[PDB]
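What the coordinates show
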Amino acid sequence: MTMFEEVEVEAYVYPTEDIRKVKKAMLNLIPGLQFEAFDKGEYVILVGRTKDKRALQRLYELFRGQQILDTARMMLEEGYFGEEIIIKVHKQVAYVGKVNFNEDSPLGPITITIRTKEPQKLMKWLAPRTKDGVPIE
Amino acid sequence: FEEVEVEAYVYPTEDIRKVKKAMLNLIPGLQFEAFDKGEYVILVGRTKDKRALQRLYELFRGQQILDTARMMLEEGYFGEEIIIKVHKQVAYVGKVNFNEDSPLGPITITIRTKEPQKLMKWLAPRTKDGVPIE
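Method information in the entry identifies X-ray crystallography as the source of the structure, with 1.900 Å recorded as the resolution.

Quick notes on the overall build of chain B
Helices and strands together make up the secondary structure of chain B, namely five helices and eight strands. Counting helices and strands in the order they occur from the N terminus, chain B gives β-α-β-β-α-α-β-β-α-β-α-β-β. Expected size for 134 residues packed as a compact globule is a radius of gyration near 14 Å; at 15 Å, chain B falls within 12% of this value. Taken along the three principal axes of its C-alpha coordinates, chain B extends 45 × 30 × 20 Å. In chain B, which comprises 134 residues, the proportion classed as buried is 44%. The long-range fraction of contacts in chain B, counting pairs at least 24 apart against all pairs at least 6 apart in sequence, stands at 64%. For chain B, the accessible surface area stands at approximately 7,100 Å², while carbon and sulfur atoms represent 49% of it.

Remarks on the environment of A:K51
All names here are of chain A. Following the sequence through the fold, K51 ends up in the loop between strand 3 (44-50) and helix 2 (57-65). Linking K51 and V7, residues 44 residues apart in sequence, is a C-alpha distance of 6.4 Å. If we ignore the near neighbours within four places in the chain, the residues touching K51 are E5 and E6.

Concerning unusual backbone geometry
Most peptide bonds adopt trans geometry, and most residues besides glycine take a negative phi value. Here the phi dihedral of A:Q67 falls at roughly 60°; this positive angle occurs in a residue that is not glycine. Positionally, A:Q67 belongs in the loop between helix 2 and helix 3 (69-78). Note on A:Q67: relative accessible area 72%, which makes it exposed. Of note, the phi angle at B:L104 is positive, near 65°, even though the residue is not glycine. Residue placement: B:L104 occurs in the loop between helix 4 (88-93) and strand 6 (107-112). Here B:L104 falls in the buried class, since its relative accessible area comes to 1%.

Here we look at the sheet that holds strand 1 (residues 3-10) of chain B
Residue and element names in this part refer to chain B. Taken in spatial order, the six strands line up as 2-3-1-6-5-4 in an open sheet, and their pairing is antiparallel. Looking at which strands have only one partner, the edges of the open sheet turn out to be strand 2 (31-36) and strand 4 (77-78). As paired strands, strand 1 and strand 6 are joined by five bridges and run antiparallel to one another. Note on strand 6: the bridge partner recorded for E5 is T110.

Brief notes about the interface of chain B and chain A
At the junction of the two partners, chain B supplies 13 residues and chain A supplies 12 residues. Considering only the surface of chain B that becomes buried against chain A, B:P12, B:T13 and B:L104 emerge as the three largest contributors, covering 44% of it. Linking chain B with chain A are zero salt bridges. Listed by contribution, the elements that provide at least two residues to the side of chain B that touches chain A are helix 1 (16-26) and helix 4 of chain B. Take the side of chain B that touches chain A: its biggest share by element is three residues, from helix 4 of chain B. Classifying every residue of the side of chain B that touches chain A by side-chain character gives six nonpolar, three polar and four charged.

Looking at the environment of A:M74
Turning to its location among the elements, A:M74 is positioned in helix 3. For the pair A:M74 and A:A127, spaced 53 residues apart in the sequence, the C-alpha separation amounts to 8.9 Å.

Here's the deal with the packing of aromatic side chains
The final tally for this structure, using the stated rule, is 11 aromatic pairs over all chains. For the ring pair B:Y77 and B:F78, a centre distance of 6.1 Å and an interplane angle of 35° mean the geometry is tilted. For B:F78, a relative accessible area of 70% gives the class exposed. Taken together through their ring pairs, the aromatic side chains of A:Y12, A:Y14 and A:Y43 make up a single cluster. Stacked on the ring of B:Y92, the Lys or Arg B:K21 has its end atom at 5.4 Å from the ring centre. Just above the ring of B:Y57 sits the side chain of B:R61; from NZ or CZ to the centre is 3.4 Å.

Things to note about helix 1 of chain B
Residues and elements named next belong to chain B. Those residues of helix 1 that fall on the buried side of the exposure criterion are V19, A22, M23 and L26. Seen from one end, helix 1 has its buried residues packed into an arc of 95°, which puts them on one side. For helix 1, the N-terminal cap is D15; the gap from its side-chain oxygen to the backbone nitrogen of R17 is 2.8 Å.

Some points on the side chain of B:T108
Residue and element names in this part refer to chain B. Within the element layout of this structure, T108 appears in strand 6. In this structure the side chain of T108 is engaged in a polar contact, spanning 2.8 Å, whose partner is the side chain of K85. Leaving out residues up to four positions away in the same chain, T108 has contacts with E5, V6, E7, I83, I84 and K85.

Reading the values: the criteria
- Residues numbered from 1 in each chain as written, not as in the entry; some residues may be left out.
- Chains lettered and ligands numbered in written order.
- Heavy atoms only, no water.
- Helix = DSSP H or I, 4+ residues; strand = E, 2+ residues; numbered from the N terminus.
- Rg over C-alpha atoms; globule rule 2.2 N^0.38 Å.
- Buried < 20%, exposed > 50% of the residue type's maximum accessible area, 1.4 Å probe, protein only.
- Contact = heavy atoms within 4.5 Å.
- Areas by Shrake-Rupley, 256 points an atom, 1.4 Å probe, with all protein chains shown as cover.
- Pairing = 2+ DSSP bridges.
- Buried area = accessible area lost by both parts, 1.4 Å probe.
- Salt bridge = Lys/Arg side-chain N within 4 Å of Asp/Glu carboxyl O.
- Nonpolar A, V, L, I, M, F, W, Y, C, P; charged D, E, K, R; others polar.
- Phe/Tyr/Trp six-rings, centres within 6.5 Å; stacked < 30°, edge-to-face > 60°.
- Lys NZ or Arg CZ within 6 Å of the ring centre and 35° of its normal.
- Arc of directions from axis to C-beta.
- Polar contact = N/O pair within 3.5 Å; in protein donor to acceptor, adjacent residues only side chain to side chain.

Right under this line is the structure:
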């Protein structure tokens, strides 16, 4: 059964940007998003949402294959408040399909918000603490 | 002036044609070269046309920003070179904004001129409450 209620991904789309390319960057990280877009004049807010229990599978895989479980876990923990876990990733690196937590993204990070009633279990499943691949928690 | 050169980065989520549009909104008649740097492309435009600064001349006056423009030209000035940085997204809609936290980097305009004092005085005369004092 599901480990989260919903995933919401948010990014700003600037006038010199392509809304389609920003949608692609978001889907690279969380597949199957349903988009709404909101006009703010100086940019558009793109919001992606999914309640699909398999929505975190791409992150699960990228954290492991990039070998960034330690950084991923630190970022999840920093973003953990109440019933939400929020991370911010590099927009341009997401467009080429990887995760980068460097907060200095040509303009605007992509923000990923995970709404969950079991955040300790989510974080331990998504970004386990390991030593040479061996569980240390 | 002898030349106007204009530079901007094009990031992967950007459309090069939109960045070109923004540059041309500010300095018409530019010829471009593009340089791939991987994480972004560098776009560089150029023109020697003597009407190359009329849009800026006009926009500085129309937007009533003669004070900020002169201050930015002076800050950017030495010798035969005046460099200013303008907001890319505002340039895309056709205006000048000298606020430098520009989404996806600024557009950098270089004016090359043998007579930069005459240049600054003509383009953005010193003003008091908007009223030119020279």
